[PDB]
Each structure stands twice: as C-alpha cells, then as structure tokens.
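# Summary of structural features
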Amino acid sequence: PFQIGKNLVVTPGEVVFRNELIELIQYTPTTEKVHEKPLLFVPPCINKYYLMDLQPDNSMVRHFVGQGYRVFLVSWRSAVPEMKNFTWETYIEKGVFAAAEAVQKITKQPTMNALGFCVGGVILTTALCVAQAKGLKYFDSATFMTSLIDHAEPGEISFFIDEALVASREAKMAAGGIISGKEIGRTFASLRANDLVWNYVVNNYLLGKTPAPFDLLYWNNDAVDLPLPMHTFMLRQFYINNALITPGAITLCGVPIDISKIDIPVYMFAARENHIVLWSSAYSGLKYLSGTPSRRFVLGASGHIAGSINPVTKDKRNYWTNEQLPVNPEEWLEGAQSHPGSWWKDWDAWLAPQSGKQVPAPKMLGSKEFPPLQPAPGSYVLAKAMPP
Amino acid sequence: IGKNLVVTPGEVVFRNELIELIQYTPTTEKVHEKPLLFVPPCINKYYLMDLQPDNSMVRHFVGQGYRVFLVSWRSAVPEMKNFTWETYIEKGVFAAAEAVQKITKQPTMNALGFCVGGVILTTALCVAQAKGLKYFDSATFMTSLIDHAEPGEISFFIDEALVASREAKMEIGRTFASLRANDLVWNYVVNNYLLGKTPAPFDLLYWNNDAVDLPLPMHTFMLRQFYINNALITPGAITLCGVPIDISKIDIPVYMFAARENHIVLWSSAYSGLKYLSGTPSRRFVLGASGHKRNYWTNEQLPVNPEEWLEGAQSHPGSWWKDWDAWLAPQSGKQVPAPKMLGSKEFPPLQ
Ligand SMILES: CC(C)(COP(=O)(O)OP(=O)(O)OC[C@H]1O[C@@H](n2cnc3c(N)ncnc32)[C@H](O)[C@@H]1OP(=O)(O)O)[C@@H](O)C(=O)NCCC(=O)NCCS
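Residues numbered from 1 in each chain as written, not as in the entry; some residues may be left out. Chains lettered and ligands numbered in written order. Heavy atoms only, no water.

## With respect to the interface of chain B and chain A
- With 20 residues of chain B at the interface, the matching set in chain A holds 22 residues.
- Sorting the residues of chain B by area buried against chain A places B:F156, B:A177 and B:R180 first, and these three jointly supply 36% of that buried surface.
- Across the contact surface, chain B and chain A share zero salt bridges.
- The tally of links between chain B and chain A comes to four residue pairs in polar contact. (Contact = heavy atoms within 4.5 Å. Buried area = accessible area lost by both parts, 1.4 Å probe. Salt bridge = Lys/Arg side-chain N within 4 Å of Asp/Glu carboxyl O. Polar contact = N/O pair within 3.5 Å; in protein donor to acceptor, adjacent residues only side chain to side chain.)

## Looking at the environment of B:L70
All names here are of chain B.
- Structurally, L70 is set in strand β5 (residues 68–73).
- The spacing of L70 and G10 is 60 residues in sequence and 9.5 Å in space, taken between C-alpha atoms.
- Once residues within four sequence positions are removed from consideration, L70 is found in contact with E20, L21, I22, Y24, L37, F38, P40, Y46, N55 and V58. (Helix = DSSP H or I, 4+ residues; strand = E, 2+ residues; numbered from the N terminus.)

## Here we look at empty space enclosed by the protein
All names here are of chain A.
- Its boundaries defined by the atoms lining it, the largest cavity holds a volume of some 230 Å³.
- If you trace the largest cavity, you find 19 residues lining it, with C118, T146, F188, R192 and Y239 closest to the centre.
- Listing elements by their share of the lining of the largest cavity, those giving two or more residues are α3 (119–133) and α5 (181–206).
- Considering every element that reaches the lining of the largest cavity, the biggest residue donor is α5, with three residues.
- The residue makeup of the lining of the largest cavity, split by class, is 12 nonpolar, six polar and one charged. (1 Å grid on protein atoms, 1.4 Å probe; cavity = no way out; pocket = protein on both sides within 12 Å on 5 of 7 lines; lining within 4 Å. Points joined across faces, edges and corners; volume = space filled by probe spheres on them. Nonpolar A, V, L, I, M, F, W, Y, C, P; charged D, E, K, R; others polar.)

## Observations concerning the packing of α5(A) against helix α6 (residues 214–221) of chain A
All names here are of chain A.
- Contact geometry of α5 with α6 gives a least axis separation of 10 Å together with a crossing angle of 165 degrees. For the element pair α5 / α6, the angle class is roughly antiparallel. Crossing geometry of α5 relative to α6 is assigned as left-handed. Packed against α5, whose contacting residues are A189, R192, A193 and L196, the element α6 presents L216, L217 and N220 at the interface.
- Its residues assigned to classes, the contact of α5 with α6 shows five nonpolar, one polar and one charged. (Axes fitted to C-alpha atoms, helices over the stretch in contact; angles between N-to-C directions. Parallel < 35°, antiparallel > 145°, perpendicular 65-115°, else oblique. Left-handed = near helix turned anticlockwise from the far one by under 90°.)

## Re the layout of surface pockets
All names here are of chain B.
- By volume, the largest pocket amounts to about 1,400 Å³.
- Forming the walls of the largest pocket are 50 residues, and the residues nearest its centre are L48, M49, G196, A259 and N262.
- In terms of residue count, helix α5 (residues 183–194) provides more of the lining of the largest pocket than any other element does, three residues in total.
- Tallied by class, residues from the lining of the largest pocket come to 31 nonpolar, 13 polar and six charged.

## Points about the UniProt feature "binding site: CoA" (unreviewed entry) in chain B
Residues and elements named next belong to chain B.
- Here the UniProt feature "binding site: CoA" (unreviewed entry) sits at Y47, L195 and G196. As for the annotated residues, the ones lining the largest pocket are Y47, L195 and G196.
- As for its placement among the helices and strands, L195 is situated in the loop between α5 and α6 (204–207).
- Those residues in contact with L195 that sit more than four places away from it in its chain are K45, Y46, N209 and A211.
- When residues no more than four places from it in sequence are discounted, the contact partners of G196 are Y46, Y47 and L48. (UniProt positions renumbered as here; feature names shortened; annotations may be inferred.)

## Observations regarding the site of the ligand
Residue and element names in this part refer to chain B.
- Residues in close proximity to the ligand include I1, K3, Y47, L48, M49, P53, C115, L195, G196, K197, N262 and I264, which together make up its full environment.
- Taking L195, its main chain carries an N or O atom lying 3.4 Å from a nitrogen atom of the ligand.
- Protein contact buries 51% of the 930 Å² of open area that the ligand shows by itself.
- In this structure, the ligand is accommodated by the largest pocket.
- Residue composition of the shell around the ligand, grouped by class: eight nonpolar, two polar and two charged. (Near = heavy atom within 4 Å. Areas by Shrake-Rupley, 256 points an atom, 1.4 Å probe, with all protein chains shown as cover. Sits in = over half its atoms within 2 Å of the grid points.)

## Describing the sheet that holds strand β11 (residues 314–317) of chain B
All names here are of chain B.
- If you walk across this open sheet you meet the 10 strands as β1-β2-β5-β4-β6-β7-β8-β9-β10-β11, and the pairing is mixed. Both outer strands of the open sheet, β1 (10–15) and β11, are each paired with one neighbouring strand and no more. Taking the axes of each pair of neighbouring strands and ignoring which way they run, one obtains an average angle of 25 degrees across the sheet.
- With five bridges joining them, strand β9 (residues 283–289) and strand β10 (residues 295–299) adopt antiparallel strand pairing. By the bridge assignment for β10, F285 is matched with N299. (Pairing = 2+ DSSP bridges.)

## Focus: the UniProt feature "binding site: CoA" (unreviewed entry) in chain A
All names here are of chain A.
- In this structure's numbering, the residues bearing the UniProt feature "binding site: CoA" (unreviewed entry) are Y50, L207 and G208. Taking the farthest pair of C-alpha atoms as the criterion, the annotated set spanning 159 residues is dispersed, since that pair is 28.3 Å apart. If you take the residues mentioned a moment ago, the ones lining the second largest pocket come down to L207 and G208.
- Mapped onto the elements, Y50 comes out in the loop between β4 (39–42) and α1 (60–67).
- Discounting chain neighbours no more than four positions away, the residues touching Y50 are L8, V9, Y218, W219, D222 and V381.

## Focus on the sheet that holds strand β1 (residues 13–18) of chain A
Residues and elements named next belong to chain A.
- Read across the open sheet, the 10 strands follow the order β1-β2-β5-β4-β6-β7-β12-β13-β14-β15; overall the sheet is mixed. The sheet is open, and its two borders are formed by β1 and β15 (337–339), each paired with just one other strand. Going across the sheet, the axis of each strand differs from the next one's by a mean of 25 degrees, ignoring polarity.
- Across four bridges, β4 lies against strand β6 (residues 113–117) in parallel orientation. Paired with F41 across the strands is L115, a residue of β6.
- Across the sheet, helix α2 (residues 88–107) touches β1, β2 (22–27) and β5 (71–76), and the angle it forms with β2 is around 30 degrees.
- Here helix α11 (residues 344–351) sits on the sheet in contact with β4, β6, β7 (142–145), β12 (266–271), β13 (295–300) and β14 (319–321), set at roughly 175 degrees to β12.

## Some words on the packing of aromatic side chains
All names here are of chain A.
- All told, the structure shown has 50 aromatic pairs over all chains when counted by the stated rule.
- Geometrically, the ring pair formed by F188 and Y239 is edge-to-face, given 6.1 Å between the ring centres and 80 degrees between the ring planes. Of the two residues, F188 is situated in helix α5 and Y239 in the loop between α7 (228–237) and β10 (251–252); the sequence distance between them amounts to 51 residues.
- Owing to a relative accessible area of 15%, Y239 belongs among the buried residues under this scheme.
- Between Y267 and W350 the ring centres are 5.2 Å apart and the planes differ by 55 degrees, which places this aromatic pair in the tilted class. Of this pair, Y267 sits in strand β12 while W350 sits in helix α11, and the two are 83 residues apart along the sequence. Judged on exposure class, the residue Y267 and its partner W350 are both buried.
- An aromatic cluster of at least three residues, connected via ring pairs, comprises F64, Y69, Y267, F269, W343, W344, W347 and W350. (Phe/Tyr/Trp six-rings, centres within 6.5 Å; stacked < 30°, edge-to-face > 60°. Buried < 20%, exposed > 50% of the residue type's maximum accessible area, 1.4 Å probe, protein only.)

Laid out in structure tokens, this is it:
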C-alpha cells in the first residue's frame, strides 16, 4: 500500500521548528551549491501538505531541492480541541510569520521567495497584505498555484455551501468547535475526486492508457480537520461575501486588506482543464494586483491535482504562457504561446534571477539556535482525523 | 475486426424468465457420462476470447467427448429490472442445474464458472451445501476473483461516491464535477469489469452494451459487497437466500485458472483467493501465458505468496485445456454413447 513514512514523502529533511499549529521542514540539500535566497512552501490546510512530495518521481519538493533551492515547508496540524478557537489571524501569525522568521534566523537572510497552494495562496496573500501594512520585509517573490484571489465567480463549491450552517456557526463564534474532515471532504475532496477521475478517463481517450495515479487519490482521501472560527470565516468572507475584491471590506490582525498595495513580483499558475474551479476565476485576480511591479500567468494542462503536480522528470503535458494581461481571459488564451514539458521549469526560470547569487549548500540542517527535532516528514503530517 | 471464425452448433433445450440452456451437439462416438455446465457472466455478450465470437473452448471440449451445456443469459428487458442476486442464484444456476439433471438423468455434474459468472457459481455453492442440495461434484474458476483485496486498476474508480452517484441519478451552470457517475466513467467501470474486451470511448459498444443494460441492483451489489466490502473472504458477511456465505463450506474439488497477462484480473489476486477454500478436498491452480505460442504453469504446492508458487511451477507448453482435461476426465464418470437427441421428450429442443 502507501505508508507515509516509507514510500511517500521520503524527501530527506528535518523538523527545524515546531509550533502549536505548524511544523517547519528544512529539506536536506541534494546539490553542492544552492541558490542563496531560500524558498518557502505554504501548503494548503484543507487536506495534508504532501501533495508536493508524493513519490521521488512526482515530488515537487525533491525536484526543486534538486535544482538547488533552500527548500523550507510549512506542515499544518490537524484540528484538535486544543485549537478550537483558532482563527485566520492565528494562521497568519503563528503560521506564516512564524515560519518566515524561523527561516530568517536559520539562513540569516532577509528576503525569501514564497509559494502558496490552494488555500495556502489565500493565507499567503493575506499575510503579504499584513506584511505590507506593518513594514515587515519578509518576501521578495510570490507564487500562487490554482488559488483564487477573486472569489466572486467561484466554482461548484457554492452548490455545497450551507448559508444557515455558516450563520448558526456565527451565532456560536466564541468557543467554536472543530470542522470534521467529512464536511471538508463534501466541499473539496469529493469534487477533486470527480475531476481527477473524469480528467483521467479523458486523458485515456486522447493518449494511450497511462498508469492510474493512486498516490493522488491517497492524498485526497487522507482528510484533516479545521477549527470552526477559521473555516466559518473562510466560507463566510471568501466563498460567499468575497471580501477580497472590496478593499477594506475585511479586517483581520487589526489590519484592513487591500490587494492593490502588494508590491511583490507575483507568479500565478492555474490549471486549464480544472472543472471544479475554472481558470478564468483565477485569472480574474491579476487585474487586482495593480501595485505589483511584475506579474506572470501560466495555464496548466490538466486538472487540479494532475495539472498542479506535473513532474519535470516525466514532462507529460504542455503549458501556456504570455506576458499580456487583458481584461478578457480568452484574449489571453489566443495570444498565448504553448510550451511542452511540465510548467515547473518555467517557474524555475522565473525564480533564477530573483534568488540572487549562488552559495555553497549549508552542510548543517537547522542551526545552532534551531536544532533538528525529528527527521521528515515529522509528526503533524501523520495525524488522523477525529472520530465521530 | 475482420473476423473469419467457425460456428459452434447448439440448440436451446430449456428457457425461462432469465436464462436459456444451450445443449451443444455431441461430435464424439462415446462421451463422458457426467455432463459439464458452463456459467458465463450474467451478460448475453461478454466478448471474451475463445467463447463469445468463436466459442473455440466449447467446441474443443466437445471434441474431447463431453456433454457440454451453457447458460445463455437472456438480454436485458424491462421485465428483468426487479431481479436481484438471489434471483440469479435461484432461477439462474439452480434452475439450469435442475434442467440438466432432468435431461441427462444424472444427479451431479461438473461446474465451470469464468469471469463474474464464476463468482455467482461460488455463491450458489455456499447455498446448495447449506440447503443439502447436491448439484455439483466439482467447480472450476477461469479468470475469476474470489478475494477482491487487490482488484487492480479499477480500484482507482470504485468507491461509495460512485455507486451513490449512480443511485442518485435515476442545475444550470454546474459541470460534471458534481456528477461523478456520469455515463462516461460509469460505463468505463461497468464495461471494464464485466466484459472480456474493453471498448474504446469512441466505440458504439462503449455506450450501448449488455453490461450497461444490467439492472442497477446487480451493479450495486457487486461493486459494494465485493469490490468494496470483500464479503467473500469474511464468513457470514453476506446472506443470500437466508444463508450466510462461508467459503470453508465448499466440499468439492476445485480447479482454478488465471491468465498471467490479464491486467483486468491480476492472477496474484485469483491465487490469493485460494487459501480461503480450506474446506475443499483438493485445489489446483494453473497459470496461463498467451505467448505474445501458448504455454502454462502447474504446481501442486499452494503457498501464501504467489511469486513463490510461480518460482516452483513446472512449465508445460501448449494450451492448458489439456491440463484441465486430465483434471476433469476422472471426475466425468464412465463413457456412454452420445445422445442422438438434444434435450428430451419432456424438454423439447427450442430454437
Ligand atoms: C486479450 C487482451 C490481453 C488484449 O489486449 P491487447 O494487447 O490490447 O490487445 P487488444 O485488446 O487490442 O486485442 C488485440 C488482438 O486481440 C484479438 N482479439 C481481441 N479480442 C478477441 C476475441 N474475443 N477473440 C479473438 N480475438 C480477439 C485481435 O487479434 C486483436 O489484434 P492483433 O491480433 O493484431 O493483436 C485483453 O483483451 C484481455 O485480456 N481482456 C480480458 C478481459 C477480462 O479480463 N475480463 C474479465 C473477465 S470478463
């Protein structure tokens, strides 16, 4: 079968910092010299983090650490009665900023290139806004994988969101409970399963029969839990009210949030054959990044799981790129240039000049201040959902 | 695909609401007295090699001198939508066995069940021994799965969300991301586990075949009780005709064959299903290789690891039909002249 410790997530690394919410993983360098500026990974909290580190073939973590990047990662902890009152402000505070400060203290570097996936892109961009409000110089690059900045025009998720349940949870906002992985599966995992199966059958109609990706389904079936305040806040303020398009309509961590302020070069990727959330909704966000000096958009060939994770060592499908950014997405698609092989290479190039010069890889994991606690994958990833 | 193949003669000797019994015209002077029954899947056209378009196997074994009968399941009609698995056991296998024992005047018979049909036979056995009904003296399973632990690629698709989605079916801007059991995927699973030839999505059989015409209760029962629950390996997990299903209660010799290159049915899984037939007096497993000629592997040892069985297996070139012929000939009784009439007086031959 699939054991997390043994045949998955085998990318060597150590837990160099642990929180009451997260577990930072510094991956063991596999190159002689790495890029000086580190690379932080912000995986989603809907499911578990290891979609980027499945098998050494399709392990994006092992790949990018194999290219020469100081790869760090945020491992989210499944919900627990200890975390019943956690909110979005805590996932920004004790989540993103904690790991960022930890990387700054380990690598002794000021800036870092960041990457957000699914919901980790929303947490990432909110952390970028609070990072531009308080003068916190943490990131010099940003990247968003299949994440929605504009949540108006959402996906099929709206068909499975209960307004009365969100309101009833707003009635008991204080001392909130814990959202079971079953419901989050009804809203996310099941639909990604439908799109993965459908797109797999389609790819078996176009090309010859390809081996079925059981690792993807195993990542999708391994569900975690989430606190009630943060999840209810997500369903209320994003997938319903959509407070990201209205500057100042939302306020967390004592800060109002406007997207135009972000002045960090942004790279955005969005799967094309993504039926659960069409790529037009993801492309409908770059027009709100007016303050960003640089912007990039890349169309991914397959679905959410299959297209989000395409290994370079395989180079299975293509991707579309062009610098133009019109208001209509079809105008972007017409003047788009197609490139074979997986899209990661492109982002690799997009990170080459930003990562600065090269520096010999640190032959010591962690630091004198942060001792390696336990080897990767760690403990939080091995958590099991709470029984009924 | 431009096929030039022989026809196998046979008349209909028994008919009912669900099946049709076909008695094949004997071509040997002296045939074995004990008859031989064929149990295909509960599908009129399964498109399995050597059987559906050509039926070379029945022709060969009638050539070896056997009184061969076949259970031709009728095509799906609106009157068959209410049948269940207990009906396919009751009016399906047992009724055909009664027809054979009345036409041939012989009490017992040798049973053969390939593909999903074999599974049916299995369940039927666990009912017969439970009700004291003596129908079969031996059973044979060809490319059939008793232990559904490792179904193979099809496990990527089958789950409760799929079967529940198809049970639902049976809305202005939503795509197929909310309809899992669409006709494409559902037909891929059904055609993938119920047919000996897998049609391409651009084929007419991919969308209109007998497997898609099978009643939904049968698909729910097979996908849930077997491919999801694996109720066969667990004693008493399912109850059919008011009988708990215990594989250890099979008291007849068992022969099992599984093609090595069949990626639909892993021969390691069919071999895995052997350790659960502890009550059977003897078990013989034979692995068959297509040869890109033909050859097979025999081993009378039965370890738990399949690769260990293959390591010590003796390779015999040719068709494995010789091996099953030597395994089946002693259990077929003496030799009697061939019956010049198909069926009997009380059972006149239909058309
Ligand atoms: C036989 C099998 C391995 C073919 O796989 P394959 O290599 O893809 O070949 P195809 O399915 O395209 O079949 C190709 C050949 O088989 C022949 N063929 C296919 N079905 C046939 C049949 N029912 N009878 C006779 N010949 C057949 C043709 O020769 C065709 O062309 P070729 O001779 O030039 O190769 C595959 O069909 C199979 O084994 N299916 C088993 C079904 C099953 O396991 N069912 C579960 C029990 S129902």
